[PDB]
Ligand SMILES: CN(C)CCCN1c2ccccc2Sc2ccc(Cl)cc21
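Read the single chain below, which is given as structure tokens and is the form solved without this ligand.
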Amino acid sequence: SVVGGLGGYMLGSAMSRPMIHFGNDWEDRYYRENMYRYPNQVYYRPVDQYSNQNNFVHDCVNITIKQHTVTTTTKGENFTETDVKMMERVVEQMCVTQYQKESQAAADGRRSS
């Protein structure tokens, strides 16, 4: 068992829903129709072995957007580029906070910070 079949990733716990405003008329309703479908939790690898938060977020969004995209079509969840491009944001806003929770016992000290 490795968080669902990953290269040594882990899973925190259920996050908040962000407030994403694409400025649109369809995207706002799109977002409001899948706000609870979207992955309330995000996968990550340990910030200890990162450089910046950037790469961490790159792959913490991306690995969520592979895992939650494949392992959810069991319920018929069929996230196209349209849902994926929302997840890129949704999971980013969550993942920023995620690093602020995992860095705590990892890179909270050891970022000279």
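Don't overthink the numbering: it's just position in the shown sequence, from 1.
Keep in mind that the form solved in complex with this ligand is missing from the display, and what follows is about it.
Three or more atoms of this ligand, overlaid from where it sits in the deposited bound form, fall within 2.4 angstroms of backbone or C-beta atoms of the displayed form, which makes the pocket blocked. Among heavy atoms of residue 86, none comes within 4.5 Å of this ligand in the deposited bound form. The closest heavy atom approach of residue 63 to this ligand in the deposited bound form falls within 4.5 Å. In the deposited bound form, residue 67 approaches this ligand with a heavy atom inside 4.5 Å.
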